[PDB]
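**Q** experimental structure and sequence below.
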Amino acid sequence: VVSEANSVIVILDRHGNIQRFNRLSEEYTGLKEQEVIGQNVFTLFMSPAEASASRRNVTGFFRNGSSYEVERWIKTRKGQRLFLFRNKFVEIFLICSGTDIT
Ligand SMILES: CCCCCCCCC/C=C\C(=O)O
């Protein structure tokens, strides 16, 4: 293996259901891409408080959408971890470019 990635890259739809789930995201969660595509990212990987605020962002972003950055406490195999996500359209899908800033 010649190289690795430094960012958790998850692609979502307006409902928050996962479409792509890169390799670093699997290592953080123990769940492979095949398991989580079609699954809701909010209920899977964040608490109710974070899920609430995030789900409104994604829904609001798909209405009047401008690229933005967000800090979201994510729920991983080693407890919660804070990620900076750079979010933007590809318009059906939302690319989430995350960095563990814990
Ligand atoms: C362990 C996988 C974590 C992927 C979670 C995606 C978070 C993307 C954040 C999107 C909208 C927001 O909250 O403003």
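**A** On my side now, so go ahead. Residues are numbered from 1 along each chain as shown.
**Q** helix, strand, or coil at residue 42?
**A** helix (DSSP: H, G, I helix; E, B strand; the rest coil).
**Q** I'd guessed it sits against residue 15; true?
**A** No. In this structure, residue 42 is not within contact of residue 15 by C-beta atoms under 8 Å, at 9.4 Å. Backbone N, C-alpha and C define where each C-beta goes, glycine included.
**Q** which of these two has more neighbours?
**A** Using other C-beta atoms under 10 Å, the more surrounded residue of residue 42 and residue 15 is residue 42, with 21 against 13.
**Q** contacts only, for the more buried one.
**A** Shown in contact with residue 42 (C-beta atoms under 8 Å, 6 or more residues apart in numbering): 16, 51, 54, 55.
**Q** rerun that using 10 Å as the cut-off
**A** The contact partners of residue 42, taken as C-beta atoms under 10 Å, 6 or more residues apart in numbering, are 12, 15-17, 48, 50-55, 58, 72.
**Q** if anything else comes up later, I'll come back, but that's it for now.
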